[PDB]
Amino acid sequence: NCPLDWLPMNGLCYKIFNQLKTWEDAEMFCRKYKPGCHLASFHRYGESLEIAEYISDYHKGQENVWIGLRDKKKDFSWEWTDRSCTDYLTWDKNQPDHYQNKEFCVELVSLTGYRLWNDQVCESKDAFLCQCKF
């Protein structure tokens, strides 16, 4: 059960925000939105499609979207900000790759209908997917 403008999915609620922010700020906005929120985390193929479809339908934009997967210790060591060990990974073709050794934040590729992930420059200004418990 969630607010009517959020996507209910397996116990949690999701929502894309169209305000562009770096990954760091996206996490902080979700965190400061309401207590118990973070950038979204995925844990099963089913959710990726559901979220992708939802974003495609409600994202008032065309820009990619930040999710809660960032490689803190720079070396393909990703963790979910919602503290739920990485047990799922639907990486896009030829991704990740730390392009120029300056990309450690996963984003949903808009070209892939948001069905494929991609390591990105955390400083990039994308839209983001918050996830909350209400």
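Numbers for residues come from their place in the sequence shown, where the first is 1.
- Higher mean CA B-factor, judged across 70-78 and 54-62 from the recorded values: 70-78.
- Remark: stretch with higher mean C-alpha B factor among 108-116 and 16-24 is 108-116.
- Ranked by C-alpha B-factor against the other modelled residues of its chain, residue 36 falls in the lowest third.
- Residue 49: CA B factor in the middle third of modelled residues in this chain (values from the PDB entry).
- The PDB entry assigns residue 29 a C-alpha temperature factor belonging to the lowest third of its chain's modelled residues.
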